[PDB]
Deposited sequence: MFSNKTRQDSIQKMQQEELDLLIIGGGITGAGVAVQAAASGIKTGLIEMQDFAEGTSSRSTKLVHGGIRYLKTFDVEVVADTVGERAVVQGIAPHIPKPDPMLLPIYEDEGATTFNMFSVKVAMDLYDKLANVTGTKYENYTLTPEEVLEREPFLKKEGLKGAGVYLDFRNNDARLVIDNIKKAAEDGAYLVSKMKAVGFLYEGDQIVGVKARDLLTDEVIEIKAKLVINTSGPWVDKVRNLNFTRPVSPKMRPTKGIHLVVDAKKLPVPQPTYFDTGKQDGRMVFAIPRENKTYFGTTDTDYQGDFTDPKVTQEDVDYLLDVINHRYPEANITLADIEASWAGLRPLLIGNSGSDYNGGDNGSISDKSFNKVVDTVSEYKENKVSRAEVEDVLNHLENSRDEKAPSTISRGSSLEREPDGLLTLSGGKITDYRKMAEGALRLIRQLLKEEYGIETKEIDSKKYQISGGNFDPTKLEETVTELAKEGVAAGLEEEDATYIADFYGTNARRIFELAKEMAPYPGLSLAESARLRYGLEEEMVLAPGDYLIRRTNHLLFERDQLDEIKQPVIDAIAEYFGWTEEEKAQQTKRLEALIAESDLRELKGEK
């Protein structure tokens, strides 16, 4: 059990914990996955749902960064392919091998047909891939147009193909939390930290239950802040400090596969003389692409896509594919996110052109803060967190904290061997936990057999409190299967209403929430009503 039941118990049990963690993203989720495995009594709190922050709004990939070889920044490339190795090892059901395609042009560079080849050999050598079935290779201008029919011809010299990975971020967070649960940790989502319990120090926190206006006080030896782009907002809860962050907005658009077919990931130049590059990626029967870099000020819980972000991106896909003719009217889904950057770094520092871009400082009040960084280095940042924690529990309290190896502790649903039609999907999506799903496959009105269990499983096991957490973060219904959402939408909500036995007004408020969300995704407010 891991639902609203397990939830209420947790809240009560936290009524002096060893460690309190603020933030339920990939960062907070990684700290706990390790602390629990090491003994510490831990109690984490996530203001909204799990992973509903930036950790569900990224490019959704694990790019190697081959681009860095242009300035011979070889140590950065080695770290990256190296850490990417661990993760794939501790979560064999999430990041998957999805070789990428990099076309070469003499009209417009970065590499030529001769240099891409040597760049890809140094890449596989550092990645220790050199030899396996995923070894790089090149393509002739003829054999490139085959795979991608609408790809610009004027000036095509061919292309290169090297290893890269697909990675659902939301699932990475949840299966880390679900493993943190199994190890006894008070994980409470939908609970917001609103104040601090103080002489001059910090001994506790005062949280609010967003499900019930009840205010509780928490007691713990140490309080660590891992609120991502919210790092400063959480800090300022202590009424004198200065800013440490400066986030940027990036967005993505989505279209039907037949409006822009691409059998594999494709990286290329914008063509607007700004040095930026763009992706066009496949994902089920769709193809999404992007992204975007712009200073942002306003609401952090729901950043919005505008006309100018659309203009910019359309001008890019239309130049790289002159035969597509894509307009605002072709987009079926979308999303926006904010990058947790420290004053000084930029968005291009993610792929070229304590951890790289992150820090772990301790405030004078005694608050630990882990900021910046990037999802691909989540496990690595937490190991550096558990260090200033296993030492801080002794030099001040004398607790015998254990020692582990995060690089080898496999998480939820993925404990099998690394080199491991709707039961096929279920296996390759939940991995191991697909076993528990089958046992449950007593359907529901308007739904299907399989779709019933994946919903029941969410409620029983994935802390599904609201319907949106299911169609958005626990599965790919809203973002990649829009054209199938309207014949499962109402049914799903009623099974939720049933399981929770909400009420005729709690049910009304919920549905109201799905309306606002789906609409902002489908940019109805821009289309002057679709």
Note to self, deposited ranges with zero CA coordinates are 16-17, 111-112, 203, 245-246, 361-408, 476-494, 516-518
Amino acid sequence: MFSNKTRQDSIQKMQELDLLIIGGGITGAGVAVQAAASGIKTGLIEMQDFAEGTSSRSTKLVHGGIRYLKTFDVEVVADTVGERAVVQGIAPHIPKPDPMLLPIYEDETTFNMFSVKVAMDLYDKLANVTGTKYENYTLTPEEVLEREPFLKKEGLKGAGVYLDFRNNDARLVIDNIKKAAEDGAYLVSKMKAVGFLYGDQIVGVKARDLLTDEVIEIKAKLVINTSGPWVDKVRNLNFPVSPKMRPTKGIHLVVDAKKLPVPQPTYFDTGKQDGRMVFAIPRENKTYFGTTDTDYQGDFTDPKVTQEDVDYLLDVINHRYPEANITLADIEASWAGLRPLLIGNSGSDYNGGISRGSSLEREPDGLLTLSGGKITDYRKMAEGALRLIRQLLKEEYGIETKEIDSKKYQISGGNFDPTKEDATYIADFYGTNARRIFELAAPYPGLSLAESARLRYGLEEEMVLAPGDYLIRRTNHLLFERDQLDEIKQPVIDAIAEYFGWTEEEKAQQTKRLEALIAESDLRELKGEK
From here on, numbers count along this sequence of modelled residues.
Mean Cα B-factor check, 31-39 vs 47-55, entry values; winner is 31-39
Stretch with higher mean Cα temperature factor, 443-451 vs 328-336, is 443-451
Note to self: of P265, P303, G357, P141, the C-alpha temperature factor tops out at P141
Highest Cα temperature factor in the entry, among the options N168, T287, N345, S371: which one is it? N345
Sorting by Cα B-factor within the chain, modelled residues only, which third would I21 end up in: lowest, middle or highest? lowest
Chain thirds by Cα B factor, record data; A466 belongs to the middle
Chain-relative C-alpha B factor for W502 (record values, thirds): the highest
Quick tally, chain-level thirds of C-alpha B-factors: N238 sits in the highest
Of the three thirds of its chain by CA temperature factor, lowest, middle or highest, which one includes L388? middle
